[PDB]
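**Q** Would you mind keeping the following structure in view while I ask a few things?
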Protein chains: 2
Amino acid sequence: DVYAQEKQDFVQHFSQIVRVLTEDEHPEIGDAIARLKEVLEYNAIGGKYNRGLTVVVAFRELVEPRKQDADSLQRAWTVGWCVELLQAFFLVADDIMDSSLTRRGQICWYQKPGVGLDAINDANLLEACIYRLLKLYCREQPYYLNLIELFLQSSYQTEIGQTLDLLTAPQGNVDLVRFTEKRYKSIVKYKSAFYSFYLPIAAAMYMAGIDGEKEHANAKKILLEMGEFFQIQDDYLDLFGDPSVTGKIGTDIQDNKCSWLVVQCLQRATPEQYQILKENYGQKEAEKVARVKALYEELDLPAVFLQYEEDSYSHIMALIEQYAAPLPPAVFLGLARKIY
Amino acid sequence: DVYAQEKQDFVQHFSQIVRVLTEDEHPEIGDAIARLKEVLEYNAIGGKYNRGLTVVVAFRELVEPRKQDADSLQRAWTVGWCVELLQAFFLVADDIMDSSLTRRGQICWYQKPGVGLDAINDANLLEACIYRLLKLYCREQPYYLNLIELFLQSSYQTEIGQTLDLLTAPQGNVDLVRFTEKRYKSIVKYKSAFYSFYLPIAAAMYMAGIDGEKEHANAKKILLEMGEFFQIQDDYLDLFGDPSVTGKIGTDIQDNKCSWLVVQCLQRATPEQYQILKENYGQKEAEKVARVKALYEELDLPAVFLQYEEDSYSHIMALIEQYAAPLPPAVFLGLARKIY
Ligand SMILES: O=P(O)(O)C(O)(Cc1cccnc1)P(=O)(O)O
Ligand SMILES: O=P(O)(O)C(O)(Cc1cccnc1)P(=O)(O)O
Ligand SMILES: [Mg+2]
Ligand SMILES: [Mg+2]
Ligand SMILES: [Mg+2]
Ligand SMILES: [Mg+2]
Ligand SMILES: [Mg+2]
Ligand SMILES: [Mg+2]
């Protein structure tokens, strides 16, 4: 993959990211800078880096090789890491609010002895690092304000989606009537689709001088649909994924979430199955979670997911045929290969 | 006061702030927008509004009356509310991390039944509103990027200071050796001084076209010292203030904080008093907190605070004589009257 090709340089740039972000160590703040380094090392490293790498890959595909000078590539890697940092900020807070146990194969940052709710400020620091890096590397570039505004808008969208996620999933209060297809789509559009797929491609676009509203709207048409599929896959894997592969233990059932699985359950369930779901959803008891999983297996939801992935793939490819131009289709095809 | 004069118009502008921030209610996000309105109403309203009002007061003093058109004043009120929103974001998170009970006379947002750790995302939303308002009202102004960068830098500084605050105050781990005057000054400079006093005056300066590095450095010399005094007063009031007046219950002793009071205690304590402090600090027991307060009263720390306030006031006034020019001294004198 073009991603496998770009990764080494990308991952190697992290040591520079950390060095530059700890280099204004103002000796009086050194203890805080040491902490920031620990937060960065624990939370921004250990993933697949696909969102950050997308900035780098798309940049190479959209900027003419003659314009891909050493300093331009450095900026592209930096902006890719800003995308990973935004994700890091959101995940550290999300793990607290979802009462999660593990992430990327290790205990969630907030669960670490001695961290706890201090993680809230650590997450805010990750967010702050984005704008520090943008100033340090891109302040003199004509796309500087476009990138600042893109990251801020992306944060606002994600926060609105998180609000909807949490509102639809009140603890100890099970009302399955809330869990509709229309509600689901709205939640996932905001909480995941914007920052996961649109953000990195849009960043590369701005860096290539592609700032037109029409071009961004067309890219969105593809990328927001990709983001939706990806969140549906995340929901499926929450229950049916191998945590050795996913790196995280699922909490959606216990947490009373408007998951794609519960929505599809509700679409197919008989009145009797509905009551079983109602009596067992949103509760910490392992036996109750197990009855929900059994109901999902009884309704062939794994098979339903497999079909949906096939149909979604074909849909996004049709959307690439319609909306990719004038951008190289490879920009979208590479990302599609990576997520499906 | 000039503050009492400017308040009504300022507080009345909040209804417009909320209307504009809920006006992109995209009907699918309406539940989230209703929540945002609740967060705004609960957390941004009920204080004295001195930081926001400082933007408005300083704007009127720094911009020529002929340039204080209706739209310019609207922008100044909006930017004042952005300052209050930044404070709101920081306080909602701080109350979680400090395990606080009340704020502005009411239960802390996170302590409210049904809120809990969802407050983390609510706080992120408050932060996001700042940049929404700056775009909506100031995007076409020549100071737009200066304001974006000022608020982001202010957030980063505050987050670094919060990191130091929390690092120096580990729960259940009492080491009084950490609590030095040098450490204290560094903590408070970052966590409070920048956003509390420098931020609002600097915002008004940028809005008046006063963007020079020298002018900002000179204003900082006054304003960071004001911010330090104000945090020292906050620390004093944490234990000795009337919560009916302060609106909040103190937690510094229980929370093992590097408070100005503990630092001054350590400066005066005999070896015997040192052991009493050591045995009683950083613990939830009311009886232990009471022994610490008794030690502080025995060492005449209230009297020490009173003297420090007198000496600090005279110092900041000397700094105004040195550093105010070419700005009107009234800009600083009004703020000084408000805090001392
Ligand atoms: O990785 P997670 O926790 O499965 C998740 O995707 C993380 C996440 C956080 C914020 C926005 N979007 C996704 P969630 O939505 O909580 O299922
Ligand atoms: O209002 P509080 O909680 O007394 C405080 O001033 C709030 C605060 C939060 C963030 C930055 N600076 C002050 P703290 O430092 O926690 O004593
Ligand atoms: Mg989660
Ligand atoms: Mg979540
Ligand atoms: Mg998930
Ligand atoms: Mg506090
Ligand atoms: Mg605090
Ligand atoms: Mg305090």
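**Q** Could you grab me the full set of residues in the range A:20-40 that are among the aliphatic types (A, V, I, L, M) and under 30 Å from the mean Cα position of the chain (by Cα)?
**A** So in the range A:20-40, the residues among the aliphatic types (A, V, I, L, M) come out as A:20-21, A:29, A:32-34, A:36, A:39-40.
Correct list: A:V20, A:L21, A:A32, A:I33, A:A34, A:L36, A:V39, A:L40.
**Q** Count, please, the residues in the range A:158-213 that happen to be surrounded by 17 or more Cβ atoms within 10 Å (Cβ to Cβ), β-branched (V, I, T), away from chain B (no Cβ under 12 Å) and in a helix (DSSP H, G or I).
**A** 1
**Q** Might you let me know whether the range B:106-125 holds any residue that is within 14 Å of chain A (Cβ to nearest Cβ), out of contact with any strand residue (DSSP E or B) (no Cβ under 7 Å at 6 or more places or on another chain), away from ligand 8 (no atom under 16 Å from the Cβ) and under 17 Å from B:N50 (Cα atoms)?
**A** Within the range B:106-125, none of the residues are within 14 Å of chain A (Cβ to nearest Cβ), out of contact with any strand residue (DSSP E or B) (no Cβ under 7 Å at 6 or more places or on another chain), away from ligand 8 (no atom under 16 Å from the Cβ) and under 17 Å from B:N50 (Cα atoms).
**Q** Between residues in the range B:217-238 that are of a type in the set (V, I, T) and residues that are away from ligand 2 (no atom under 15 Å from the Cβ) and assigned to a helix (DSSP H, G or I), which pairs lie under 6 Å by C-beta distance while being six or more apart or on different chains?
**A** B:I222/B:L319; B:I222/B:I320; B:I222/B:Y323; B:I222/B:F332
**Q** Checking B:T246 against (1) within 24 Å of B:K185 (Cβ to Cβ); (2) surrounded by fewer than 18 Cβ atoms within 10 Å (Cβ to Cβ); (3) more than 16 Å from ligand 8 (Cβ to nearest atom), which single condition isn't satisfied?
**A** (3)
**Q** Can you pull out every residue in the range A:240-269 that is within 11 Å of ligand 1 (Cβ to nearest atom) and either part of a helix (DSSP H, G or I) or closer than 14 Å to A:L299 by Cα (or both)?
**A** Start the filter on the range A:240-269 by keeping residues that are within 11 Å of ligand 1 (Cβ to nearest atom), which leaves A:241, A:246-252, A:255, A:257-260.
Passing the criteria: A:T246, A:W260.
**Q** Now, a different point. Checking the condition within 27 Å of B:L167 (Cα to Cα) and out of contact with any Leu (no Cβ under 8 Å at 6 or more places or on another chain), which residue from A:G161, A:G105 passes? Break it down into steps so the answer makes sense when it comes.
**A** On the way: A:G161 fails: within 27 Å of B:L167 (Cα to Cα).
After ruling out the rest, the residue left standing is A:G105.
**Q** Of A:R60, A:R51, which residue is in a helix (DSSP H, G or I), under 18 Å from A:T158 (Cβ atoms) and either more than 16 Å from ligand 4 (Cβ to nearest atom) or not basic (K, R) (or both)? Before the answer, list the steps.
**A** Numbers: A:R60 fails: under 18 Å from A:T158 (Cβ atoms).
The match here is A:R51.
**Q** Considering only the range A:242-260, state which residues are among the aliphatic types (A, V, I, L, M) and either out of contact with any helix residue (DSSP H, G or I) (no Cβ under 6 Å at 6 or more places or on another chain) or within 16 Å of ligand 7 (Cβ to nearest atom) (or both). Quick ask: steps written out before the conclusion?
**A** Going residue by residue through the range A:242-260, those that are among the aliphatic types (A, V, I, L, M) are A:245, A:249, A:253.
Answer for the range A:242-260, where residues must be among the aliphatic types (A, V, I, L, M) and either out of contact with any helix residue (DSSP H, G or I) (no Cβ under 6 Å at 6 or more places or on another chain) or within 16 Å of ligand 7 (Cβ to nearest atom) (or both): just A:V245.
**Q** Quick check on this structure: which one of B:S72, B:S99 is of a type in the set (S, T, Y) and away from chain A (no Cβ under 14 Å)?
**A** Working: B:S99 fails: away from chain A (no Cβ under 14 Å).
When all the criteria are applied, what remains is B:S72.
**Q** Going through the range A:307-322 one residue at a time, which ones are under 30 Å from A:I276 (Cβ atoms) and surrounded by 12 or more Cβ atoms within 10 Å (Cβ to Cβ)? Even if it seems obvious, please write down each step before you answer.
**A** Here is the first cut: in the range A:307-322, the residues under 30 Å from A:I276 (Cβ atoms) are A:307-312.
Hits for the range A:307-322 are A:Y308, A:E309, A:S312.
**Q** Could you figure out which of (1) within 18 Å of B:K7 (Cα to Cα); (2) away from every other protein chain (no Cβ under 14 Å); (3) more than 16 Å from ligand 2 (Cβ to nearest atom) isn't true of B:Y49?
**A** For B:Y49, the exception is condition (3).
**Q** Related question: Going through the range B:128-157 one residue at a time, which ones are charged (D, E, K, R), more than 8 Å from every other protein chain (Cβ to nearest Cβ) and under 19 Å from B:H13 (Cβ atoms)? Steps first, answer last, please.
**A** Taking the range B:128-157 first, the residues charged (D, E, K, R) are B:132, B:135, B:139-140, B:149.
Keeping just the survivors that are more than 8 Å from every other protein chain (Cβ to nearest Cβ) gives B:139-140.
Selection gives B:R139 alone.
**Q** Could you say which residue among B:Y137, B:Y110 is away from ligand 6 (no atom under 16 Å from the Cβ) and among the hydroxyl-bearing types (S, T, Y)? Steps first, answer last, please.
**A** Values: B:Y110 fails: away from ligand 6 (no atom under 16 Å from the Cβ).
Answer to the check: B:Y137.
Laboratory data are not the source of any read-out in this text; all were calculated from the coordinates shown. Here the Cβ is made from the backbone with ideal geometry for all residues, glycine too, and neighbour counts use every protein chain on show.
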